[PDB]
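Student: I have a structure I would like to understand better, so I am pasting it below and will then ask my questions one at a time.
Neighbour counts are summed over all protein chains in view; Cβ atoms, including those assigned to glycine, are modelled from backbone coordinates with ideal geometry. Please treat every number below as a calculation from the coordinates, not as lab data.
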Amino acid sequence: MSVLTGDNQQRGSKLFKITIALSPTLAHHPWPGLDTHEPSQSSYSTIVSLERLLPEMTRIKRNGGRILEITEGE
Amino acid sequence: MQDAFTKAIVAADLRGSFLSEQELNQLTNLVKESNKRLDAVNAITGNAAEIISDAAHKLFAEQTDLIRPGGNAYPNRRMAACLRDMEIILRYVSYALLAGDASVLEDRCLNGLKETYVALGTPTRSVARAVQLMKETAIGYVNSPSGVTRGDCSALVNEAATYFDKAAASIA
Amino acid sequence: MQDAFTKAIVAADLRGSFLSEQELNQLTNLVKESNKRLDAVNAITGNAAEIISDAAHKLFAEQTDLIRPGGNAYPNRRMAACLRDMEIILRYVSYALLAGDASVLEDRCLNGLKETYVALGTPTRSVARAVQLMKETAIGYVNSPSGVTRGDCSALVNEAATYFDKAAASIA
Amino acid sequence: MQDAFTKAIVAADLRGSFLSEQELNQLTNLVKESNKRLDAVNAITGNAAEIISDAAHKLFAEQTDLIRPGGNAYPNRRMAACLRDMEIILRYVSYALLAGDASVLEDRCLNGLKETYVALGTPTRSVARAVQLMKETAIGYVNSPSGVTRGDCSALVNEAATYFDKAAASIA
Amino acid sequence: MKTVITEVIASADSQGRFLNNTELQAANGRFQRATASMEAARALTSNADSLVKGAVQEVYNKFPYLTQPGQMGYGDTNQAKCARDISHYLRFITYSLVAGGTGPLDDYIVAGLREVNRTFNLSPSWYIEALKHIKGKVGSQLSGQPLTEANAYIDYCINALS
Amino acid sequence: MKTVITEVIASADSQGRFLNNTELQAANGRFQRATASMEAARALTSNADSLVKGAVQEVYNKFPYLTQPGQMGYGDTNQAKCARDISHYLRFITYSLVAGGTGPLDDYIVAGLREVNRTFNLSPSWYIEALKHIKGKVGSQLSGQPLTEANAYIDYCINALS
Amino acid sequence: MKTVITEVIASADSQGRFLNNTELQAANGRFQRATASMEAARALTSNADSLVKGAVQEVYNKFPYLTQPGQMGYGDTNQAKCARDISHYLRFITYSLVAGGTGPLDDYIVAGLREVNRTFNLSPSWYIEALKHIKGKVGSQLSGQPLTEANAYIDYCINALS
Amino acid sequence: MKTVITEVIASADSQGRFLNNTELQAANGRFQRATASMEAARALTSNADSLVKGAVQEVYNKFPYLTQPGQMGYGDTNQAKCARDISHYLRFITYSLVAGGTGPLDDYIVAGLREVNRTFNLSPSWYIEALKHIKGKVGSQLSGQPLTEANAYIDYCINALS
Amino acid sequence: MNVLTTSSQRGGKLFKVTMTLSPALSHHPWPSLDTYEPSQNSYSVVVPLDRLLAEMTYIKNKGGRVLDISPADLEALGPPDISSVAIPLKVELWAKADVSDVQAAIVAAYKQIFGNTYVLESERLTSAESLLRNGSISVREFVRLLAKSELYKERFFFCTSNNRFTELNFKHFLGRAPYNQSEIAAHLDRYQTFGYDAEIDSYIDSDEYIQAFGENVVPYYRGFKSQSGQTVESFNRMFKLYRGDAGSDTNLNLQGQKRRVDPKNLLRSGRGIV
Ligand SMILES: CCC1=C(C)/C(=C/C2=NC(=C\c3[nH]c(/C=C4\NC(=O)[C@H](C)[C@H]4CC)c(C)c3CCC(=O)O)/C(CCC(=O)O)=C2C)NC1=O
Ligand SMILES: CCC1=C(C)/C(=C/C2=NC(=C\c3[nH]c(/C=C4\NC(=O)[C@H](C)[C@H]4CC)c(C)c3CCC(=O)O)/C(CCC(=O)O)=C2C)NC1=O
Ligand SMILES: CCC1=C(C)/C(=C/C2=NC(=C\c3[nH]c(/C=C4\NC(=O)[C@H](C)[C@H]4CC)c(C)c3CCC(=O)O)/C(CCC(=O)O)=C2C)NC1=O
Ligand SMILES: CCC1=C(C)/C(=C/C2=NC(=C\c3[nH]c(/C=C4\NC(=O)[C@H](C)[C@H]4CC)c(C)c3CCC(=O)O)/C(CCC(=O)O)=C2C)NC1=O
Ligand SMILES: CCC1=C(C)/C(=C/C2=NC(=C\c3[nH]c(/C=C4\NC(=O)[C@H](C)[C@H]4CC)c(C)c3CCC(=O)O)/C(CCC(=O)O)=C2C)NC1=O
Ligand SMILES: CCC1=C(C)/C(=C/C2=NC(=C\c3[nH]c(/C=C4\NC(=O)[C@H](C)[C@H]4CC)c(C)c3CCC(=O)O)/C(CCC(=O)O)=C2C)NC1=O
Ligand SMILES: CCC1=C(C)/C(=C/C2=NC(=C\c3[nH]c(/C=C4\NC(=O)[C@H](C)[C@H]4CC)c(C)c3CCC(=O)O)/C(CCC(=O)O)=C2C)NC1=O
Ligand SMILES: CCC1=C(C)/C(=C/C2=NC(=C\c3[nH]c(/C=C4\NC(=O)[C@H](C)[C@H]4CC)c(C)c3CCC(=O)O)/C(CCC(=O)O)=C2C)NC1=O
Ligand SMILES: CCC1=C(C)/C(=C/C2=NC(=C\c3[nH]c(/C=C4\NC(=O)[C@H](C)[C@H]4CC)c(C)c3CCC(=O)O)/C(CCC(=O)O)=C2C)NC1=O
Ligand SMILES: CCC1=C(C)/C(=C/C2=NC(=C\c3[nH]c(/C=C4\NC(=O)[C@H](C)[C@H]4CC)c(C)c3CCC(=O)O)/C(CCC(=O)O)=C2C)NC1=O
Ligand SMILES: CCC1=C(C)/C(=C/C2=NC(=C\c3[nH]c(/C=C4\NC(=O)[C@H](C)[C@H]4CC)c(C)c3CCC(=O)O)/C(CCC(=O)O)=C2C)NC1=O
Ligand SMILES: CCC1=C(C)/C(=C/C2=NC(=C\c3[nH]c(/C=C4\NC(=O)[C@H](C)[C@H]4CC)c(C)c3CCC(=O)O)/C(CCC(=O)O)=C2C)NC1=O
């Protein structure tokens, strides 16, 4: 389950579980048709280390998806 | 991944046993019907595009709301996505028409589906309607093909149906 | 990402319609006030460092617990993180101000932020306050700048405030 | 990456100097002709597909060996690669044309081809011929467009040509 | 959704950077150009439908076999869905005009276009010919920079379909 | 080197895409803005001599102690290298004005600034105070959009140093 | 080039592994199947001439308008390049039959197909109709497993074009 | 679990692709081969009892010292766990025969083998010698393609242990 | 002396050598000063095995520097065959997979992302694969999850310079060679101030990446075909980057992980500032 297992090989210090409404702005099936996505990935839970927290968020917003939540990983 | 033999083997092993003469002959029969099975899988592959297309035409004939603004198969980006995962149910059901076991679905299609389409607000019955239409047409093709030897494929048509029906049930 | 025009377009499309003469002129007015808007965004960019610094000096003047051991802006590492967050929020507020829409702020910055801070033990009420101080000083600058043509920027000062107030509300 | 201004700046800096009144007015003139420049870049963008297509039809009209087996635009995979390269080069020529500097063209891209295609055995003179065909048609469009104000675009047509000619020379 | 404003903001954000004079100069372009854009928008807005019926018919006149029985320009439903589709294109053209970029076209018509058209047996040629016709008539509804804008976006759709 | 032109081209290239109406609108901003920019540039260019001597002195007047013996505002070489450095800043400001973006400042002064200043024991405060002074005097050499441009870039340097 | 043999070898290599009973069983399929495949190949090979002329004509009979002036089924060169193209397809079908996989079709016709057809204004519908016709006639040149093989590959091309 | 069927399906899935003639030819191999495989399976199944006792003993006859006190072929529990282990191998051989691939062997005996044997002080040599003996006797229970199959898998285990 | 034919005469192993010569070996017979031809700045010559020790000794003495020795017969078999990879097979992951659909993806991401080095079974990222199977994450994350892993850090980053890392990164993550000297520089400066992790994100959240791979497509080769905003010389870099189907990224080379794209070569495509 994306119910993070362990530290999910992130190492680092704290783990924050961040969920975003990722677009079609990002992702996109290799298919010929319209940079879409496979319904189901509307919200994308993801666990990142404290050191990598800021960079990831910057490139999430930059590519258009918007963060929906944030909780410390444990 | 399992196929019908692998499934037998896993159940035997859980007993600590060599395969039962029961299980052996069930598998001998699968080998017996395997040419028919190959034709059945070939029927789907050879008409994949039309199966998806025809299912599609009919889905939107019935549910003209999906192609209005506000609808989940509008605009082109989303209509393309719809065509794609109709292709999805079709192909995964076709790969299942091969194993003699649903697990390829229980392990994936029947797993996590609670927090999918439902999370998105995608109406599963409409996805299941497209699945149901793919089933009708796919089986149509399994039953009426190009110069295949005449015989009875109803056992295989049933089994293909249950794969289509698994997917539908899992999604709705 | 949305801007004020893009927002109009999305609402129009959900009706299946070309933009209403209502919506057209609302957007004509945004173009009318756009030089002022550019000065307002420029006011923030041109004083970003001081806006953060001055907010900061004042935050710790009020809340001397944050800079004691045990406090969330102690030692240097944590103070740098806090100074960095002040900059990040001021940055997305300026983006919203160029855009005429809060969405970039809500989607890339505010979404999940409160729950992050709570997980971290970062006192959200103090963060809300730091945002209130940035607002005071930022607007100060929007209202009293270098040789800009004299006129009325209160509409824009309000709108900037609501972006600061969104962030504060979202975090506290 | 350079544009025509950036180029001026780099040369000035190498003298340790503020821009010469000479260089200033050369750049004032570029700003003077910039609406024409935008139309010229727009002429190419607005007809990119036809420019490539028409160049292509004509390239293979002349060199019917490329579309025979043994030929470098056979089978479909290779033709798609060749069509893709035509687009890539037309694209960087349009970038150079917006920039006023072959620094995104001659600088940002005309070198390995000669040796590489000679190594791939690709006849460079034929590749230069494809660029000439694009050039002919592209300039055609720069000179005869939809309701643009009448005037003299020959300076810009020349400059566009030199970008096409750089590419040709670099590759043959 | 691609506009001058969103583009400069995206570029700032991705470098972790406040908007600077480079980015604000850019924005001024978009704001200075709103008047011409929005005049084109108003003219295209009020003179609208007939463009669709004109282009629909022209698809059948150029592909006669189209309006014959057994074909895809026959019966109320095909001809209805055609008008609708050209109307979608003109709608997004006006949106792209108003928005200051191709975003609306990219997100709602270009992304996925070919896959859809290929599954449904819709030839791009029709749509190009609908748009070529719309481009002919828009020659006398507008002029100057409003026409250039209208053209920019019509041509953008034609290239998306080639 | 960051200019409006290079930025839009970079963004097109990275998506494998021809320049479209979004990108050309952006470019028009940069070209429309050139007149104000270049007026600022000409005024800063001809006053350079005195702007530099004014700011150099102001560094000593605000930090009196710098000009005492054993200090870094003492002797011909320190005071010479100071004038030069402010002159470098004004030079790149004019370049940024002419170029239509912060590129010249980013590439030739900002990239590496702190490391250099830290190794050589140069306090940013001096440089901020040089620039604050230059900003005071440029208030009466320019006005309107040329002043706004001059300000944009002077302030950009001050933020780079804080 | 995708064949049963290359596929199993690829799968072994990528796991750093000798071919095992799984992979050799697979190969036996390809070898056992060669007889039917190669009978289809010989029949398609000697009838090539007429299969091509039959399908070429059928493209004009199904799309009558193609053969009128100003159209793409008119003049010696279009009609010549058409015969050639169907001949290419039949050629690669025979190759795929002989090779024991779709490789020849994948590498020489499928990779790039749509881009090429789209640049040159070639409708897949023609090619599907050429192939549907070839499929009709191959019904009486072959039967049993040679027909199934011929069908497999003809249908594979039709799906590649939809 | 590696079988011809799972392998071709895996390869299709990973390219996002329907099963094609390449993959179905492969499957036919596995199905055509089932008869020989399953004959080997039935013979190994009913002789299991004696094949195991034969190989167990042969481990002691080839390594006489194992059966002395203080050694790992002494006492009921060692000798019991040995019979069991060879029985595990024969069991998975029959499974691999029936399954059409090495999967059952790979997943249940090969993955982890050396780590386990090394921690428990079990020499592969014994197991190779058990299998060499089983291979000797299976020479007269089977012949033709059933023997080749039995051999394929016995040898596969011996290579896994070297 | 340049590009060779043939191997041996009596029998040998021909090695071709490359150097950089002073006017001490080769000069014009002119009236002044000794100079060698400017284009034979680095010169190469093929010598059979016995004459080889004597030649290297001579060259080193009279001033030259040996740049390389490599057998002639290695170097006669051309440049790689690229048919498998001109146009690849795309491998995507559907919403609701059949399970072995998902098996296909993992094997391919591995091959492509790790650059064809063997990833042994002890080695694989199992917990992360669990995630993809349940949906949870999409085919993009494993492309991102694999890159931040130690295995990726260890074979490609820790032991080579930053120039090399970035060049590999473009090949793996984007499928294309690195177009400009600016690209190399822009990246090296990012790693230096935001760390390794931020820098990894920068290829996976890029616009170029997003267009081609979207989110459910495994990154695949695409640099053997013309792309947009690609200098022309980036199609010759791709040959230097990929050495054939049996070639791989390999950090186990005797000489170590090194370059493959000459720094001089990158500058030919343009030089600016920053
Ligand atoms: C991690 C990889 C990944 C996946 C899998 C993903 C799924 C995903 N699908 C979405 C939407 C969507 N998905 C669909 C899909 C469908 N509609 C139907 O009727 C069919 C049953 C089905 C196609 C088979 C539609 C129609 C939407 C748009 C819903 C709306 O905005 O109303 C969204 C919302 C954001 C957007 O619209 O771009 C996400 C995040 N996103 C991702 O990043
Ligand atoms: C390339 C992979 C591959 C395929 C596809 C394959 C097909 C195949 N199908 C066969 C038979 C057949 N196939 C069918 C199938 C059908 N009968 C019907 O009436 C239905 C419409 C259809 C249901 C699926 C039947 C009835 C037979 C004859 C009985 C049998 O052999 O089991 C046979 C035995 C020879 C023959 O009688 O023609 C082969 C070899 N063999 C292969 O190696
Ligand atoms: C999307 C843009 C974005 C935001 C907004 C963001 C917030 C954010 N702030 C963080 C930490 C932090 N934030 C602060 C902030 C404060 N401490 C105080 O006492 C004050 C009340 C306040 C300053 C006003 C501190 C001290 C930490 C470090 C907490 C710790 O590690 O103990 C972290 C954890 C990762 C890290 O330390 O780098 C995130 C993700 N990250 C982002 O990427
Ligand atoms: C480089 C990007 C860029 C900027 C920044 C820009 C600014 C700009 N601000 C302007 C006007 C102005 N700007 C303001 C702004 C203000 N008035 C006040 O009293 C407040 C202190 C402040 C509130 C924000 C006002 C009142 C005008 C005159 C009215 C108007 O033109 O709307 C004008 C019209 C010319 C003029 O009257 O000076 C320009 C071009 N143009 C650009 O291209
Ligand atoms: C600076 C602008 C620019 C140019 C000009 C350019 C050329 C160029 N052409 C390439 C490939 C190619 N070019 C062709 C072209 C042809 N094949 C034929 O048989 C014909 C004779 C000819 C078409 C007329 C083909 C087939 C390939 C692929 C070669 C392969 O991968 O096997 C490649 C390798 C990268 C790739 O495949 O994308 C480059 C860099 N790249 C650039 O960035
Ligand atoms: C959206 C980006 C953008 C574009 C494209 C743009 C075009 C543009 N082209 C213009 C003029 C013009 N454009 C041309 C161009 C041509 N004359 C010819 O006869 C040739 C066929 C063609 C050569 C390229 C000429 C001659 C003028 C009038 C003179 C001038 O203003 O320089 C003008 C001044 C107003 C006018 O006279 O119409 C604008 C605004 N402005 C923009 O902001
Ligand atoms: C938001 C932007 C958007 C576009 C552009 C769009 C196109 C589009 N056109 C469609 C169908 C269609 N399109 C046409 C088009 C035509 N028929 C004719 O008489 C002419 C030849 C031609 C007009 C030039 C026809 C006949 C169909 C019905 C196809 C079918 O279901 O068989 C469908 C299938 C769903 C449906 O049946 O409505 C889509 C998605 N959908 C969108 O959401
Ligand atoms: C291209 C842009 C650029 C800048 C901005 C630049 C700054 C710069 N200032 C330097 C030194 C210096 N800078 C100063 C500055 C001052 N001394 C005073 O009297 C005042 C307090 C102050 C002026 C406000 C001094 C005294 C040195 C000599 C430091 C030393 O070597 O001890 C040096 C060291 C190399 C040298 O000694 O020249 C650099 C690189 N270099 C550049 O290339
Ligand atoms: C190796 C496999 C392979 C295929 C399949 C292939 C297709 C192909 N067909 C082409 C042209 C063509 N294809 C046709 C096709 C037709 N014209 C008609 O009368 C009918 C409607 C139709 C036949 C059904 C026509 C008319 C052209 C000329 C297009 C042009 O240049 O305008 C071209 C452009 C180069 C050229 O002009 O020859 C390619 C590459 N090329 C290949 O290398
Ligand atoms: C599913 C497949 C599978 C295999 C193959 C397997 C091997 C295996 N053999 C074991 C022990 C053993 N194996 C033997 C083997 C032998 N002793 C003798 O007399 C002979 C020399 C030899 C037989 C040739 C012995 C003596 C032990 C006990 C080792 C100990 O615990 O000290 C153990 C340790 C757990 C236990 O004590 O049972 C494993 C896991 N386990 C498995 O699950
Ligand atoms: C094909 C016609 C041809 C050319 C063009 C040529 C160039 C050339 N210039 C050389 C040296 C040289 N060239 C220069 C030139 C300069 N030094 C400077 O500082 C200035 C910037 C510049 C004069 C403007 C110098 C100083 C050397 C000697 C370098 C040395 O030995 O240290 C050499 C090395 C051999 C020699 O020294 O004779 C060659 C081959 N040789 C040729 O055969
Ligand atoms: C600048 C002054 C100068 C030096 C130093 C020099 C070295 C030199 N040693 C050479 C060969 C050689 N050098 C040796 C030396 C040795 N073989 C061994 O096993 C020992 C380890 C070692 C003796 C201690 C041998 C055996 C060859 C002949 C290699 C061959 O042809 O197979 C050659 C190739 C040309 C020739 O064989 O004459 C050169 C150039 N040449 C020079 O002009």
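Student: Can you tell me which residue in the range E:12-55 is nearest to I:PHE194 (Cα to Cα), limited to those that are of a type in the set (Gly, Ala, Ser) and part of a loop (DSSP other than H, G, I, E, B)?
Tutor: By that ranking, first place goes to E:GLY16.
Student: Across the range G:74-87, which residue is nearest to the other protein chains (Cβ to nearest Cβ) among those that are over 12 Å from G:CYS157 (Cα atoms) and among the hydrophobic types (A, V, I, L, M, F, W, C)?
Tutor: Let us first name the residues in the range G:74-87 that are over 12 Å from G:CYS157 (Cα atoms), namely G:74-85, G:87.
Okay, now just the ones that are also among the hydrophobic types (A, V, I, L, M, F, W, C), so G:80, G:82-83.
On the way: G:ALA80: 11, G:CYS82: 14, G:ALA83: 14 Å.
Checked the range G:74-87; the qualifying residue nearest to the other protein chains (Cβ to nearest Cβ) is G:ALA80.
Student: Additional query: Does F:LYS53 qualify as being touching a residue at least 60 places away in the same chain (Cβ under 8 Å) and within 17 Å of the chain's Cα centre (by Cα)?
Tutor: Details: touching a residue at least 60 places away in the same chain (Cβ under 8 Å): no; within 17 Å of the chain's Cα centre (by Cα): yes.
Answer is no for this residue.
Student: Can you find a residue that is small (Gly, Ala, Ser) and away from chain A (no Cβ under 14 Å) anywhere in the range I:183-199? Full working, then the answer.
Tutor: Residues of the range I:183-199 small (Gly, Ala, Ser): I:185-186, I:195, I:198.
With the extra rule that they be away from chain A (no Cβ under 14 Å), the set shrinks to I:185-186.
Within the range I:183-199, one or more residues are small (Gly, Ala, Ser) and away from chain A (no Cβ under 14 Å).
Student: Does any residue of the range F:48-55 turn out to be surrounded by fewer than 21 Cβ atoms within 10 Å (Cβ to Cβ) and under 30 Å from D:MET1 (Cα atoms)? I'd like the intermediate steps shown before the answer.
Tutor: Filtering the range F:48-55 for residues surrounded by fewer than 21 Cβ atoms within 10 Å (Cβ to Cβ) gives F:48-50, F:53-54.
Narrowing further to those that are under 30 Å from D:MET1 (Cα atoms): F:48.
Yes - at least one qualifying residue is present in the range F:48-55.
Conditions (1) farther than 30 Å from A:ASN63 by Cβ; (2) of a type outside the set (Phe, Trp, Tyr); (3) within 14 Å of chain A (Cβ to nearest Cβ), marked per residue:
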| position | (1), (2), (3) |
| --- | --- |
| E:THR3 | no, yes, yes |
| E:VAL52 | yes, yes, no |
| E:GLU58 | yes, yes, no |
| E:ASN61 | yes, yes, no |
| E:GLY103 | no, yes, yes |
| E:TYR108 | no, no, yes |
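Student: Here's a follow-up. In the range F:5-28, what residues are at the interface with chain E (Cβ under 8 Å from one of its Cβ atoms), of a type in the set (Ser, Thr, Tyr) and crowded, with 24+ Cβ neighbours inside 10 Å?
Tutor: Listed by number, the list holds a single entry, F:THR22.
Student: Given the conditions (1) buried (at least 22 other Cβ atoms within 10 Å of the Cβ); (2) facing another protein chain (nearest Cβ under 7 Å), report the number of the one that A:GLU72 does not fulfil.
Tutor: With respect to (1) buried (at least 22 other Cβ atoms within 10 Å of the Cβ); (2) facing another protein chain (nearest Cβ under 7 Å), A:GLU72 is out only on (1).
Student: Could you count how many residues in the range G:110-128 are within 13 Å of the chain's Cα centre (by Cα) and more than 14 Å from chain D (Cβ to nearest Cβ)?
Tutor: Count: 1.
Student: How many residues does the range H:29-44 hold that are free of Cβ contacts under 8 Å to residues at least 60 places away in the same chain, buried (at least 23 other Cβ atoms within 10 Å of the Cβ) and not aliphatic (A, V, I, L, M)?
Tutor: 1
Student: Of all residues in the range I:144-176, how many are touching a helix residue (DSSP H, G or I) at 6+ places or on another chain (Cβ under 9 Å), touching a residue at least 12 places away in the same chain (Cβ under 8 Å) and in a helix (DSSP H, G or I)?
Tutor: 19
Student: With aliphatic (A, V, I, L, M) and under 30 Å from E:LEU122 (Cβ atoms) as the only criterion, which of B:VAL93, B:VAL31, B:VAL10 stands out? Steps first, answer last, please.
Tutor: Working: B:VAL31 fails: under 30 Å from E:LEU122 (Cβ atoms); B:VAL10 fails: under 30 Å from E:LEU122 (Cβ atoms).
Going through B:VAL93, B:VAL31, B:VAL10 in turn, the sole match is B:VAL93.
Student: Evaluate the range H:75-86: report whether one residue or more is crowded, with 24+ Cβ neighbours inside 10 Å and either within 16 Å of ligand 7 (Cβ to nearest atom) or not basic (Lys, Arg) (or both). Explain how you work it out, then say what you get.
Tutor: If we filter the range H:75-86 for residues that are crowded, with 24+ Cβ neighbours inside 10 Å, which is where we start, we get H:86.
Then drop every residue that is not either within 16 Å of ligand 7 (Cβ to nearest atom) or not basic (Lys, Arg) (or both), which leaves H:86.
Yes, there is a match, as at least one residue in the range H:75-86 is crowded, with 24+ Cβ neighbours inside 10 Å and either within 16 Å of ligand 7 (Cβ to nearest atom) or not basic (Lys, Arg) (or both).
Student: For the range A:43-58, enumerate the residues that are more than 12 Å from the chain's Cα centre (by Cα) and more than 7 Å from every other protein chain (Cβ to nearest Cβ).
Tutor: Across the range A:43-58, the qualifying residues are A:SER49, A:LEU50, A:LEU54.
Student: From the list H:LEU90, H:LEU147, which one is more than 12 Å from every other protein chain (Cβ to nearest Cβ), in a helix (DSSP H, G or I) and under 25 Å from H:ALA34 (Cα atoms)?
Tutor: Numbers: H:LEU90 fails: more than 12 Å from every other protein chain (Cβ to nearest Cβ).
Checking each option against the conditions leaves just H:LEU147.
Student: Going by the structure shown, is I:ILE87 at the interface with another protein chain (Cβ under 8 Å from one of its Cβ atoms), among the hydrophobic types (A, V, I, L, M, F, W, C), within 16 Å of ligand 9 (Cβ to nearest atom) and touching a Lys or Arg at 6+ places or on another chain (Cβ under 9 Å)? Write out each step before concluding.
Tutor: Details: at the interface with another protein chain (Cβ under 8 Å from one of its Cβ atoms): yes; among the hydrophobic types (A, V, I, L, M, F, W, C): yes; within 16 Å of ligand 9 (Cβ to nearest atom): yes; touching a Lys or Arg at 6+ places or on another chain (Cβ under 9 Å): yes.
Here the answer is yes, as I:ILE87 does meet what is asked.
Student: Kindly list the number of the only condition in (1) within 7 Å of another protein chain (Cβ to nearest Cβ); (2) part of a loop (DSSP other than H, G, I, E, B); (3) among the β-branched types (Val, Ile, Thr) that fails for A:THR25.
Tutor: Unmet condition: (1).
Student: To continue, here is another question. Output the number of the condition that F:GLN57 fails; it satisfies all remaining conditions of (1) of a type in the set (S, T, N, Q); (2) under 30 Å from E:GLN15 (Cα atoms); (3) within 13 Å of ligand 8 (Cβ to nearest atom).
Tutor: Result: F:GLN57 passes all but (2).
Student: Hey, another quick one. If I:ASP262 meets every condition in (1) more than 7 Å from every other protein chain (Cβ to nearest Cβ); (2) free of Cβ contacts under 8 Å to residues at least 40 places away in the same chain; (3) crowded, with 22+ Cβ neighbours inside 10 Å apart from one, which number is that one?
Tutor: So I:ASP262 meets the others, but not (3).
Student: Only residues that are over 25 Å from I:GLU75 (Cα atoms) and free of Cβ contacts under 8 Å to residues at least 24 places away in the same chain: list them for the range I:39-64, please.
Tutor: I:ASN61
Student: Which of (1) under 23 Å from C:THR149 (Cα atoms); (2) crowded, with 24+ Cβ neighbours inside 10 Å; (3) in contact (Cβ under 8 Å) with a residue 40 or more places away in the chain; (4) at the interface with another protein chain (Cβ under 9 Å from one of its Cβ atoms) does F:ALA99 not meet, given it meets every other one?
Tutor: Of the numbered conditions (1) under 23 Å from C:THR149 (Cα atoms); (2) crowded, with 24+ Cβ neighbours inside 10 Å; (3) in contact (Cβ under 8 Å) with a residue 40 or more places away in the chain; (4) at the interface with another protein chain (Cβ under 9 Å from one of its Cβ atoms), the odd one out for F:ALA99 is (1).
Student: Please verify whether the range I:65-76 includes one or more residues that are touching a residue at least 60 places away in the same chain (Cβ under 8 Å), farther than 30 Å from I:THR35 by Cβ and away from ligand 2 (no atom under 16 Å from the Cβ). Outline the logic, then answer.
Tutor: Taking the range I:65-76 as the starting set, the residues that turn out to be touching a residue at least 60 places away in the same chain (Cβ under 8 Å) are I:72-73, I:75-76.
Next, from what is left, pick out any that are farther than 30 Å from I:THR35 by Cβ: I:73, I:76.
Among the residues that remain, those that are also away from ligand 2 (no atom under 16 Å from the Cβ) are: I:73, I:76.
Within the range I:65-76 (the criterion being touching a residue at least 60 places away in the same chain (Cβ under 8 Å), farther than 30 Å from I:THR35 by Cβ and away from ligand 2 (no atom under 16 Å from the Cβ)), the answer is yes, since at least one residue qualifies.
Student: In the range B:1-36, what residues are outside any helix (DSSP H, G or I) and within 14 Å of chain I (Cβ to nearest Cβ)?
Tutor: To start, the set of residues in the range B:1-36 that are outside any helix (DSSP H, G or I) comprises B:1-3, B:16-20, B:33.
The answer is B:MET1, B:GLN2, B:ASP3.
One line per residue, one yes/no per condition, for (1) surrounded by 20 or more Cβ atoms within 10 Å (Cβ to Cβ); (2) not aromatic (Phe, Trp, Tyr):
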residue	(1), (2)
I:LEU120	no, yes
I:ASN134	no, yes
I:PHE142	yes, no
I:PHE165	yes, no
I:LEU168	yes, yes
I:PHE173	yes, no
I:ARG176	yes, yes
I:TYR191	no, no
I:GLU199	yes, yes
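Student: So, one more: Would you mind telling me which numbered condition in (1) more than 7 Å from every other protein chain (Cβ to nearest Cβ); (2) farther than 30 Å from G:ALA36 by Cβ H:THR35 fails?
Tutor: (2)
Student: Ok, one more. Can you find a residue that is more than 15 Å from ligand 8 (Cβ to nearest atom) and in a loop (DSSP other than H, G, I, E, B) anywhere in the range F:113-134? Full working, then the answer.
Tutor: First pass over the range F:113-134, keeping only residues more than 15 Å from ligand 8 (Cβ to nearest atom): none.
Taking every residue of the range F:113-134 in turn, none turns out to be more than 15 Å from ligand 8 (Cβ to nearest atom) and in a loop (DSSP other than H, G, I, E, B).
Student: Also, quick follow-up: Give just the number: which of (1) under 18 Å from D:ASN143 (Cα atoms); (2) facing another protein chain (nearest Cβ under 7 Å) does D:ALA56 not satisfy?
Tutor: Here D:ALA56 meets the rest and fails (1).
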